[PDB]
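First the structure, in the form of structure tokens, and then the observations on it.
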Amino acid sequence: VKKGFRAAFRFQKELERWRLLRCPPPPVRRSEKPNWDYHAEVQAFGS
Amino acid sequence: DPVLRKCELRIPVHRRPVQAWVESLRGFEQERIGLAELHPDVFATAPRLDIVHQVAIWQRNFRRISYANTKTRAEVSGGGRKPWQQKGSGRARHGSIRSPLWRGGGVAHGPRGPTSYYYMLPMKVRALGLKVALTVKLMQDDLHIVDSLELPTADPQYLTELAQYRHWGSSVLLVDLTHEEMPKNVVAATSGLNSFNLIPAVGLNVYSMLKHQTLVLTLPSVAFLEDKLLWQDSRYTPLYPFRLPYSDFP
Amino acid sequence: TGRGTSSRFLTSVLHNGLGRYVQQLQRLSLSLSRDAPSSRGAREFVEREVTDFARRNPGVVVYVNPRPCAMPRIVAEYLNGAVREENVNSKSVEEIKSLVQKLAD
Amino acid sequence: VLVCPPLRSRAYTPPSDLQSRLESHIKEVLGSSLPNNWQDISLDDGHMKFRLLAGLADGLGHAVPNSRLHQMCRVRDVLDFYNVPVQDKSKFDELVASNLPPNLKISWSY
Amino acid sequence: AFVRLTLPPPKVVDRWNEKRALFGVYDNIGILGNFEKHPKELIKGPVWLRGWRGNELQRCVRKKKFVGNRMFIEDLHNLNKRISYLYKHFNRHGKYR
RNA sequence: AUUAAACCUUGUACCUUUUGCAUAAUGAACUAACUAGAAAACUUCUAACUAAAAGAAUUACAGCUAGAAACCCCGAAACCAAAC
Ligand SMILES: [Mg+2]
Ligand SMILES: [Mg+2]
Ligand SMILES: [Mg+2]
Ligand SMILES: [Mg+2]
Ligand SMILES: [Mg+2]
Ligand SMILES: [Mg+2]
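Chains as they are written, first to last, in the entry's author numbering: chain c, 31 to 77; chain F, 45 to 294; chain b, 2 to 106; chain h, 50 to 159; chain i, 32 to 128.
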């Protein structure tokens, strides 16, 4: 039982990769994900 | 009636005194009631942040005493007899089961006993730090000069609300001339409030000002600080400890 | 590391230069903190550089989402679907500007 | 029952008629009908400075910072100080209202 | 190596408690108080190292001087051995002569 | 490197150690945890005041005060005292 919160945090992300990569989730449309505005993306498509 | 304060001591001719807006805590809208003239050599010294660093670290270290301790290989219980003969057994050579290389042994270079970090900066250096800190608050509009600390009501809520109205910082440091004479109304209010910390004039320190956003100084305390710090320059070197009788020292 | 790593052949996305050159960078997202020393350099980037970059590249949708944050992060999305994120912690405006221009190209 | 007045804004825009207010204020303070070279007049007198600066603050709504109080040697310095505007809009507020190109979008989480 | 499988509990520090808020007050008691008390007099610690600093050998000898006669037999024996070890180290060993 | 895991080409384990060479000679089956440079006389650097510096005793023909900056680990055959 060592000191600190950081070493656990880096490992918690290591656990994240193990779970996600071994058992990937079903694909989700980019709309559901953050940083989406329909009109702005449509404008960029033409440009 | 404009409350006007002027320096009791002699300002250098070339320097021009700094000025501040005297305020009263009695009323919410009593923002400005008088004008003050602050000695330039106290409130206008050259800006140097290394001295603030020097004093700030001093206010951290000299008090420090660390009580961490680790036994050495001799203070560890046991480990008197030699575990086994040097040769014939096919193992490395050890002279005590309590050595730095052994589980349960004594630490090699660990903390030993209580340690002290006591040192004092020169008298002028620490006094100079107070002068530097005073200007920094003044220029950054964090220092408010008040005639007296009298407040209309002891309710803590009034003091917190007043600070927001006058745009003071969240943490306020209040300095009064002497501990004994401080008004009772302020005593009740400040005690209930964590951020608003009230200290006497003699207890002024650089670290407190750095931790606290704004600083409220009473008029007599400003005069008290002005004399004390400006005495540090234009003085001789002590023939004695200062507490002993002196011709011209209080 | 050559034998210890994957490899490929030179390739493009959709024959980029055969017809009309289409910009591959699709989106850049930057998260910042109002009051944080580490993101100070990135705050300068948003004040001045971001506006110039947005007009210069009009095919890159730019999202700026200041939030209470510990590390500023830039996420780059390309048209082929590849994602790339680079940490901008305590980087000056000069470093970010040079870094962003690599992503667009 | 002390009721805190509503918080005041810390932004100041110089009025167009600032000159009329200042000249009238100087006349009222000393009653000399604005002697020529009024700007050059110094504020060395403690009472003079307090009456002038305090009166302008009440009307205009902005007061000289303690840090800048000492440099108000003359009326001209006081006049210049009020002329410069004071903005409370953060640098972010300029970006939001800057009308940035459509491809650039900003969302404020605070 | 091995690392924790769960995040440790959050550590919350109250920076406006009475001890932290008033830390440092009266550090200038002397210069602002007509030098009635030296600031060293405000230190709370072992009697033999209030307002004093030294290396371990000096620290060992100073602990003996103040409380040498009020120490337990085993503690005093260990202190004596600790002094003799340090003496031969600092006065007979080291890279520089 | 390669279309291709292997074939083809290139390549005399590591540390310590010997002369600045090893195909030597020491040490290591592997994993986890533990396991060895410490002090301020002189010097350099940074500030405060300055024929003076230092919060009593100290030093001074620009000094004086404060800060930072340093010197390991394991292992005998033995020797003495007192019990058993
Ligand atoms: Mg023993
Ligand atoms: Mg024995
Ligand atoms: Mg031995
Ligand atoms: Mg132990
Ligand atoms: Mg072996
Ligand atoms: Mg040895």
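We treat Cβ as the ideally placed atom computed from N, Cα and C, and that holds for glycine.
Worksheet item: residue 304 (chain F) to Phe106 (chain F), Cα distance in whole Å?
Response: Absent from the structure is residue 304 (chain F), since the part of chain F shown begins at 45 and ends at 294.
Discussion item. Does the contact criterion of 3 or more C-beta pairs under 8 Å hold for the segment 194-208 of chain F versus the segment 117-125 of chain F?
Written reply: no
Item to complete: Could you tell me the boundaries of the beta strand (DSSP E) in which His188 (chain F) lies?
Response: Here the question's residue 188 (chain F) lines up with position 144 in the second sequence. Element bounds for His188 (chain F): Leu187 to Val190.
Worksheet entry | Under 9 Å from the C-beta of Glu119 (chain F): neighbouring residues of chain i | Counting from one through the second sequence, the residue named residue 119 (chain F) turns up at place 75. What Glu119 (chain F) touches in chain i: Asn109, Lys112 and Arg113.
Worksheet item: Between the segment 41-66 of chain b and chain h, which residues of the former have a C-beta closer than 9 Å to a C-beta of the latter?
Response: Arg44, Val47, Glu48, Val51, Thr52, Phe54, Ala55, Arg56, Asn58, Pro59, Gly60, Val61, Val62, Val63, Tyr64, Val65 and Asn66
Practice prompt. Would you give the residue range spanned by the alpha helix (DSSP H) that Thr204 (chain F) belongs to?
Written response: By one-based count along the second sequence, residue 204 (chain F) stands at place 160. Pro200 to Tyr209 is the extent of the alpha helix (DSSP H) around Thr204 (chain F).
Worksheet entry | Where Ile77 (chain F) meets chain i, residues with beta-carbon distance less than 9 Å | Taking the second sequence and counting its residues from 1, the one referred to as residue 77 (chain F) is at position 33. Chain i residues near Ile77 (chain F): none, gap ~28 Å exceeds 9 Å.
Item to complete: Can you give me the Cβ contacts of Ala60 (chain h) inside the same chain, cut-off strictly under 6 Å, excluding the 5 residues immediately before and after it?
Response: The residue you call residue 60 (chain h) lines up with position 11 of the fourth sequence. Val135, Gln136 and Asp137, listed in sequence order.
Worksheet item: Along chain b, in chain order, which residues have C-beta atoms closer than 9 Å to that of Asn152 (chain h)?
Response: Working through the fourth sequence from its first residue, we reach residue 152 (chain h) at position 103. Here the neighbours are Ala55, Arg56, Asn58, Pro59, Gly60, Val61, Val62 and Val63.
Worksheet item: For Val84 (chain b), which of b:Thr12, b:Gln25, b:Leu19 and b:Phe10 has the nearest alpha-carbon?
Response: The residue labelled residue 84 (chain b) in the question sits at position 83 within the third sequence. Closest by alpha carbon: b:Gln25.
Item to complete: Label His74 (chain h) either buried or exposed according to how many other C-beta atoms from any shown protein chain fall within 10 Å of its C-beta, with 16 as the threshold for buried.
Response: On the fourth sequence, residue 74 (chain h) is found 25 positions in, with the first residue counted as 1. Buried.
Discussion item. Is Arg68 (chain b) close to chain h? Criterion is C-beta to C-beta, closer than 7 Å.
Written reply: Taking the third sequence and counting its residues from 1, the one referred to as residue 68 (chain b) is at position 67. So yes, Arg68 (chain b) belongs to the interface.
Worksheet item: If you pair each beta-carbon of the segment 105-118 of chain i with each one of the segment 78-90 of chain i, do three or more pairs fall below 8 Å?
Response: yes
Worksheet item: Hey, is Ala74 (chain c)'s beta-carbon within less than 7 Å of any beta-carbon in chain h?
Response: Reading the first sequence from its first residue, position 44 is the one you call residue 74 (chain c). With 7 Å as the cut-off, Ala74 (chain c) counts as an interface residue toward chain h.
Worksheet item: Taking DSSP as the reference, what is the three-state secondary structure of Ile155 (chain h)?
Response: Taking the first residue of the fourth sequence as 1, we reach residue 155 (chain h) at position 106. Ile155 (chain h): strand per DSSP, three-state reduction.
Worksheet item: Among all residues, which have a Cβ less than 6 Å from at least one non-hydrogen atom of ligand 1, and in what chain order do they fall?
Response: F:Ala118, F:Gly123 and F:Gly124
Worksheet item: The beta strand (DSSP E) spanning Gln27 (chain b) covers which residue range?
Response: The residue you call residue 27 (chain b) lines up with position 26 of the third sequence. From DSSP, the beta strand (DSSP E) with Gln27 (chain b) extends over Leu26 to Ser32.
Discussion item. Am I right that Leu182 (chain F) and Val62 (chain F) are in contact with their C-beta atoms under 8 Å? What's the rounded C-beta distance?
Written reply: Taking the first residue of the second sequence as position 1, residue 182 (chain F) is located at position 138. Taking the first residue of the second sequence as position 1, residue 62 (chain F) is located at position 18. That pair is a contact at about 7 Å.
Practice prompt. Using 6 Å as the cut-off, classify the Cβ of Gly150 (chain F) as near or not near the heavy atoms of ligand 3, replying yes or no.
Written response: Counted from its first residue, the second sequence places residue 150 (chain F) at position 106. Incorrect: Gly150 (chain F) has no Cβ contact closer than 6 Å to ligand 3.
Discussion item. Is there a Cβ of chain h sitting closer than 7 Å to that of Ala70 (chain c), yes or no?
Written reply: Position 40 of the first sequence holds residue 70 (chain c). Chain h contact via Cβ: present.
Worksheet item: Relative to ligand 3, is the shortest distance from any of its heavy atoms to the C-beta of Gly55 (chain i) smaller than 6 Å?
Response: Taking the first residue of the fifth sequence as position 1, residue 55 (chain i) is located at position 24. False, no ligand heavy atom lies under 6 Å from that Cβ.
Worksheet item: Quick one: what does DSSP say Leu80 (chain b) is sitting in, helix, strand or coil?
Response: In the third sequence, counting from the first residue as 1, residue 80 (chain b) sits at position 79. The answer is coil: DSSP assigns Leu80 (chain b) none of H, G, I, E or B.
Worksheet item: Since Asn109 (chain i) is in the alpha helix (DSSP H), which residue starts that stretch and which ends it?
Response: Residue mapping note: residue 109 (chain i) aligns to position 78 of the fifth sequence, counting from 1. Run containing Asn109 (chain i): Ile104 to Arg123, per the alpha helix (DSSP H) assignment.
Fill in: Residues of the segment 54-66 of chain F whose Cβ lies closer than 7 Å to any Cβ of chain h, in chain order
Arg60, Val62, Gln63, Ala64 and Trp65
Worksheet item: Of the choices F:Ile109, F:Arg210 and F:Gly247, whose alpha-carbon is the least far from that of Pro55 (chain h)?
Response: Position 6 of the fourth sequence, counted from the first residue, corresponds to residue 55 (chain h). Selected option, being the one with the closest Cα: F:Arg210.
Discussion item. I want to check one thing, is the minimum distance from the CB of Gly82 (chain i) to the heavy atoms of ligand 3 below 6 Å?
Written reply: Taking the first residue of the fifth sequence as 1, we reach residue 82 (chain i) at position 51. It does not: the Cβ of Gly82 (chain i) is nowhere closer than 6 Å to a heavy atom of ligand 3.
Worksheet entry | Cβ-Cβ distance between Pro158 (chain F) and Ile109 (chain F) below 7 Å | Within the second sequence, residue 158 (chain F) is the residue found at index 114, counting from 1. Within the second sequence, residue 109 (chain F) is the residue found at index 65, counting from 1. Yes, the pair counts as a contact, with Cβ atoms nearer than the cut-off.
Worksheet item: In three-state DSSP terms, what is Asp220 (chain F)?
Response: Translated into positions along the second sequence, residue 220 (chain F) becomes position 176. If DSSP states are grouped into helix, strand and coil, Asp220 (chain F) belongs with the strands.
Discussion item. Checking 7 Å against the spacing of the C-beta atoms, do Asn113 (chain F) and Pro155 (chain F) come in under that value?
Written reply: Mapped onto the second sequence, residue 113 (chain F) falls at position 69. Mapped onto the second sequence, residue 155 (chain F) falls at position 111. Contact: yes.
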